[PDB]
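**Q** Once you've had a glance at the structure underneath, I'll fire off some questions.
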Amino acid sequence: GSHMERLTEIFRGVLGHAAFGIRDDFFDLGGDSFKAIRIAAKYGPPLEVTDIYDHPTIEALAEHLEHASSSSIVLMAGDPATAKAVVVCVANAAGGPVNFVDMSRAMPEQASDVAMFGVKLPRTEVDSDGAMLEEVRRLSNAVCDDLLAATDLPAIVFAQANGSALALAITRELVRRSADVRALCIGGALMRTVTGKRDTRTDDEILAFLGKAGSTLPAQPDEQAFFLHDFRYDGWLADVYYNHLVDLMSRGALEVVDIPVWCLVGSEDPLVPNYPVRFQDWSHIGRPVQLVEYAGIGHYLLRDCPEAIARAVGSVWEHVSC
């Protein structure tokens with residue numbers, strides 16, 4: 001029915017109880033990350049997960065929906081009118097712009113000149129690896145189109161682990177169009193040099209992997225279902241694109257871009273513990289390659305030191321300012 005009526009129905013279904021009003025905070029009574037994703041998915045397209053964080057009440061959220069407006073990116077910090085550069089952020093598997101919330105909230109104090117856009121992951125249904133590669137091309141072109149229509153500022157591409165895959169695509173597209181790309185920043189990932197295997201693991205094996213990486217899996221089976229759908233989809237997409245790039249390398253046909261690459265890694269990351277020798281493999285994509293090492297931190301830099309990641313993005317911009 002109405003905006004607030006659908007919001008109240010979805011909130012009562014997702015939170016557990018019906019004793020809920022339109023002025024109560026979403027987080028002060030059990031709301032979170034997964035529940036916000038589930039809410040944004042059930043409500044429909046025009047609601048984004050970040051709008052629940054900027055508007056954790058049903059009335060304010062419905063007002064936002066009134067003057068709301070489809071884009072492939074979402075503005076998270078700064079304003080392109082006053083800014084000197086923009087940063088396009090791609091999240092890890094099962095993620096999205098939400099992953100950068102904290103980081104965005106640190107940008108005004110760590111990179112005041114830089115605006116932040118987050119890439120939305122539609123997860124379009126496809127029936128083949130070739131269709132998946134066509135979808136990677138379509139999505140990278142959509143992100144580039146929306147970015148070049150949103151701003152004409154120098155652009156930095158930031159990637160979170162698995163998101164690196166899509167990030168690479170975007171960067172390369174932006175070079176084909178001779179757009180103003182000045183840096184590729186990648187967190188908690190390494191360039192893939194060998195053809196990869198497809199993810200045939202069980203849900204429990206994924207839970208163990210995420211425990212090893214330092215993350216817990218949600219308990220609600222619907223939240224788990226959405227998380228695992230997105231996780232396996234993103235893994236498939238990234239595997240396809242990295243295998244394409246590795247084939248290009250095998251034949252010597254991967255062009256090196258004159259764009260610097262920053263590799264931000266936590267020192268205690270159990271997923272890339274061989275980085276001291278492998279981080280330099282980003283030379284296949286761009287040069288020079290710079291390493292920033294965060295001591296005592298694991299894989300999830302955006303969870304454990306988001307302010308420092310904003311600081312790294314500001315540093316990258318000032319390094320490529322002139």
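Just so we're on the same page: first chain in the structure tokens is A, next is B, and so on; residues restart at 1 for each chain, and ligands are numbered from 1 in the order they show up.
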Taking the backbone alone, and naming residues the way the document does, which bits of range 24-120 of chain A are strand (DSSP E) by DSSP, as an MDAnalysis selection string?
**A** chainID A and resid 73:77 85:90 114:119
**Q** For the residues in the current selection, export C-alpha atoms as a PDB file, in the first residue's frame.
**A**
```
ATOM      1  CA  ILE A  73      26.326   4.042  -8.023  1.00  0.00           C
ATOM      2  CA  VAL A  74      25.365   5.752  -4.766  1.00  0.00           C
ATOM      3  CA  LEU A  75      26.933   8.928  -3.381  1.00  0.00           C
ATOM      4  CA  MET A  76      28.203   8.324   0.154  1.00  0.00           C
ATOM      5  CA  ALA A  77      30.440  11.256   1.147  1.00  0.00           C
ATOM      6  CA  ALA A  85      38.602  14.029  -6.909  1.00  0.00           C
ATOM      7  CA  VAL A  86      36.183  11.114  -6.726  1.00  0.00           C
ATOM      8  CA  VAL A  87      36.645   7.537  -5.502  1.00  0.00           C
ATOM      9  CA  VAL A  88      34.556   4.621  -6.800  1.00  0.00           C
ATOM     10  CA  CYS A  89      34.341   1.838  -4.223  1.00  0.00           C
ATOM     11  CA  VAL A  90      33.586  -1.821  -4.977  1.00  0.00           C
ATOM     12  CA  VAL A 114      37.478  13.477  -2.189  1.00  0.00           C
ATOM     13  CA  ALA A 115      33.887  12.468  -2.934  1.00  0.00           C
ATOM     14  CA  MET A 116      32.920   8.808  -2.530  1.00  0.00           C
ATOM     15  CA  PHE A 117      30.625   6.768  -4.777  1.00  0.00           C
ATOM     16  CA  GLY A 118      29.757   3.144  -3.973  1.00  0.00           C
ATOM     17  CA  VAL A 119      29.055   0.572  -6.681  1.00  0.00           C
TER      18      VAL A 119
END
```
**Q** Env of residue 166 in chain A: 8 Å cut, atoms = only C-alpha atoms, seq-sep filter 5 positions within chain, self excluded. Answer as a ChimeraX atom specification.
**A** /A:90,136,140,238,241
**Q** Compile a residue-level contact table for range 119-157 of chain A against range 46-66 of chain A at a cut-off of 12 Å, reporting for every qualifying residue the shortest atom pair and its distance in Å to one decimal, with only C-alpha atoms counted, rows ordered by chain and ascending number, as a Markdown table.
**A**
```
| residue | atom | partner | partner_atom | distance |
| --- | --- | --- | --- | --- |
| A:119 | CA | A:48 | CA | 11.8 |
| A:120 | CA | A:48 | CA | 9.3 |
| A:121 | CA | A:48 | CA | 11.5 |
| A:122 | CA | A:48 | CA | 11.8 |
```
**Q** Go ahead and dump the residues you just picked, N, CA and C atoms, as a PDB file, in the first residue's frame.
**A**
```pdb
ATOM      1  N   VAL A 119      29.623   1.328  -5.569  1.00  0.00           N
ATOM      2  CA  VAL A 119      29.055   0.572  -6.681  1.00  0.00           C
ATOM      3  C   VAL A 119      27.980  -0.376  -6.162  1.00  0.00           C
ATOM      4  N   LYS A 120      26.807  -0.343  -6.791  1.00  0.00           N
ATOM      5  CA  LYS A 120      25.722  -1.261  -6.467  1.00  0.00           C
ATOM      6  C   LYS A 120      25.833  -2.525  -7.309  1.00  0.00           C
ATOM      7  N   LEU A 121      25.598  -3.675  -6.676  1.00  0.00           N
ATOM      8  CA  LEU A 121      25.743  -4.960  -7.346  1.00  0.00           C
ATOM      9  C   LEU A 121      24.368  -5.513  -7.699  1.00  0.00           C
ATOM     10  N   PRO A 122      23.922  -5.418  -8.957  1.00  0.00           N
ATOM     11  CA  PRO A 122      22.573  -5.912  -9.280  1.00  0.00           C
ATOM     12  C   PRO A 122      22.461  -7.419  -9.191  1.00  0.00           C
TER      13      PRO A 122
END
```
**Q** What gap, in Å, lies between CA of residue 137 in chain A and CA of residue 278 in chain A?
**A**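 CA of residue 137 in chain A sits 27.0 Å away from CA of residue 278 in chain A.
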**Q** Determine, counting only C-alpha atoms, which protein, DNA and RNA residues have an atom within 10 Å of an atom of residue 199 in chain A; residues of the same chain fewer than 4 positions away are not included. Present the result as a list in words.
**A**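 In the requested form, the answer reads residues 206, 231, 232, 233, 235, 236 and 239 of chain A.
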**Q** Can I get the selection written as a PDB file, in the first residue's frame, with N, CA and C atoms?
**A**
```pdb
ATOM      1  N   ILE A 206      31.799 -22.659   3.845  1.00  0.00           N
ATOM      2  CA  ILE A 206      31.854 -21.205   3.744  1.00  0.00           C
ATOM      3  C   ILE A 206      31.838 -20.580   5.132  1.00  0.00           C
ATOM      4  N   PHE A 231      27.069 -14.286  -2.093  1.00  0.00           N
ATOM      5  CA  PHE A 231      28.447 -14.748  -1.968  1.00  0.00           C
ATOM      6  C   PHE A 231      28.836 -15.632  -3.144  1.00  0.00           C
ATOM      7  N   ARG A 232      28.015 -16.643  -3.441  1.00  0.00           N
ATOM      8  CA  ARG A 232      28.340 -17.551  -4.535  1.00  0.00           C
ATOM      9  C   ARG A 232      28.265 -16.843  -5.885  1.00  0.00           C
ATOM     10  N   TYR A 233      27.308 -15.927  -6.056  1.00  0.00           N
ATOM     11  CA  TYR A 233      27.232 -15.180  -7.307  1.00  0.00           C
ATOM     12  C   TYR A 233      28.489 -14.343  -7.519  1.00  0.00           C
ATOM     13  N   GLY A 235      31.419 -14.697  -6.186  1.00  0.00           N
ATOM     14  CA  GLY A 235      32.565 -15.557  -6.419  1.00  0.00           C
ATOM     15  C   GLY A 235      32.623 -16.050  -7.850  1.00  0.00           C
ATOM     16  N   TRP A 236      31.469 -16.427  -8.404  1.00  0.00           N
ATOM     17  CA  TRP A 236      31.408 -16.858  -9.800  1.00  0.00           C
ATOM     18  C   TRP A 236      31.843 -15.739 -10.741  1.00  0.00           C
ATOM     19  N   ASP A 239      35.633 -15.109 -10.385  1.00  0.00           N
ATOM     20  CA  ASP A 239      36.396 -16.203 -10.970  1.00  0.00           C
ATOM     21  C   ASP A 239      36.414 -16.098 -12.490  1.00  0.00           C
TER      22      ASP A 239
END
```
**Q** List the spatial neighbours of residue 195 in chain A as a list in words - criterion: any atom at most 10 Å away, only C-alpha atoms, same-chain residues fewer than 5 positions off excluded.
**A**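 So the residues in contact are residues 239, 240, 242, 243, 244, 245, 246 and 247 of chain A.
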**Q** For the residues in that selection, give me N, CA and C atoms as a PDB file, in the first residue's frame.
**A**
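That gives us out_15.pdb:
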```pdb
ATOM      1  N   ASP A 239      35.633 -15.109 -10.385  1.00  0.00           N
ATOM      2  CA  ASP A 239      36.396 -16.203 -10.970  1.00  0.00           C
ATOM      3  C   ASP A 239      36.414 -16.098 -12.490  1.00  0.00           C
ATOM      4  N   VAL A 240      35.255 -15.830 -13.095  1.00  0.00           N
ATOM      5  CA  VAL A 240      35.193 -15.709 -14.550  1.00  0.00           C
ATOM      6  C   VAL A 240      36.122 -14.600 -15.037  1.00  0.00           C
ATOM      7  N   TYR A 242      38.676 -12.991 -13.570  1.00  0.00           N
ATOM      8  CA  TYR A 242      40.093 -13.227 -13.329  1.00  0.00           C
ATOM      9  C   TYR A 242      40.638 -14.318 -14.242  1.00  0.00           C
ATOM     10  N   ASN A 243      39.829 -15.332 -14.570  1.00  0.00           N
ATOM     11  CA  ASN A 243      40.289 -16.356 -15.501  1.00  0.00           C
ATOM     12  C   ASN A 243      40.482 -15.780 -16.895  1.00  0.00           C
ATOM     13  N   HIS A 244      39.584 -14.887 -17.318  1.00  0.00           N
ATOM     14  CA  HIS A 244      39.779 -14.191 -18.587  1.00  0.00           C
ATOM     15  C   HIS A 244      41.096 -13.416 -18.584  1.00  0.00           C
ATOM     16  N   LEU A 245      41.355 -12.660 -17.512  1.00  0.00           N
ATOM     17  CA  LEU A 245      42.598 -11.896 -17.440  1.00  0.00           C
ATOM     18  C   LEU A 245      43.821 -12.811 -17.435  1.00  0.00           C
ATOM     19  N   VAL A 246      43.732 -13.952 -16.748  1.00  0.00           N
ATOM     20  CA  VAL A 246      44.868 -14.865 -16.683  1.00  0.00           C
ATOM     21  C   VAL A 246      45.130 -15.486 -18.049  1.00  0.00           C
ATOM     22  N   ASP A 247      44.069 -15.766 -18.811  1.00  0.00           N
ATOM     23  CA  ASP A 247      44.260 -16.239 -20.178  1.00  0.00           C
ATOM     24  C   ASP A 247      44.941 -15.174 -21.029  1.00  0.00           C
TER      25      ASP A 247
END
```
**Q** Can you list, as number ranges by chain, every protein, DNA or RNA residue that comes within 12 Å of residue 13 in chain A when you count only C-alpha atoms, leaving out same-chain residues fewer than 6 positions away?
**A** A: 6-7, 19-20, 31, 35, 38-39, 42-43, 222
**Q** What's the separation between CA of residue 173 in chain A and CA of residue 255 in chain A, in Å to one decimal place?
**A**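 The value is 12.4 Å.
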**Q** Would you kindly return, as a PyMOL selection string, each protein, DNA or RNA residue with an atom no farther than 9 Å from any atom of residue 188 in chain A, considering only C-alpha atoms and excluding same-chain residues fewer than 5 positions away?
**A** chain A and resi 159-162+263-266+269+271-272+298-301
**Q** Generate the output file for the selected residues, C-alpha atoms, as a CSV table (one decimal), in the first residue's frame.
**A**
```csv
chain,number,residue,atom,x,y,z
A,159,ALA,CA,38.4,-2.4,-4.2
A,160,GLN,CA,37.6,-4.6,-1.2
A,161,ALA,CA,39.1,-8.1,-1.6
A,162,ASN,CA,36.8,-9.9,-4.1
A,263,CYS,CA,47.9,-2.6,-2.1
A,264,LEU,CA,46.4,-2.1,1.4
A,265,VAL,CA,46.7,-5.2,3.5
A,266,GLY,CA,46.4,-6.1,7.1
A,269,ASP,CA,45.3,-11.3,7.1
A,271,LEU,CA,43.7,-15.0,3.4
A,272,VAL,CA,46.7,-13.5,1.7
A,298,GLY,CA,43.4,-8.9,9.8
A,299,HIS,CA,41.5,-9.1,6.5
A,300,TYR,CA,38.5,-6.8,7.2
A,301,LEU,CA,40.2,-3.4,7.0
```
**Q** Ranking A:270, A:163, A:306, A:260 by minimum distance to residue 210 in chain A and counting only C-alpha atoms, which one comes first?
**A**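 Looking only at the distances to residue 210 in chain A, the closest residue turns out to be A:270.
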**Q** Smallest atom-to-atom distance to residue 112 in chain A: which of A:310, A:190, A:183, A:253, using only C-alpha atoms?
**A**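 Of the candidates, the smallest distance to residue 112 in chain A is held by A:310.
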**Q** Would you please work out which residue, of A:153, A:294, A:99, A:145, is nearest to residue 321 in chain A when using only C-alpha atoms?
**A**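 Selected residue with least distance to residue 321 in chain A: A:153.
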**Q** Which residue gives the smallest distance to residue 127 in chain A among A:155, A:237, A:14, A:249, with only C-alpha atoms counted?
**A** A:237
**Q** Can you list every residue in range 54-84 of chain A that DSSP puts in helix (DSSP H, G or I), as number ranges by chain?
**A** A: 58-66
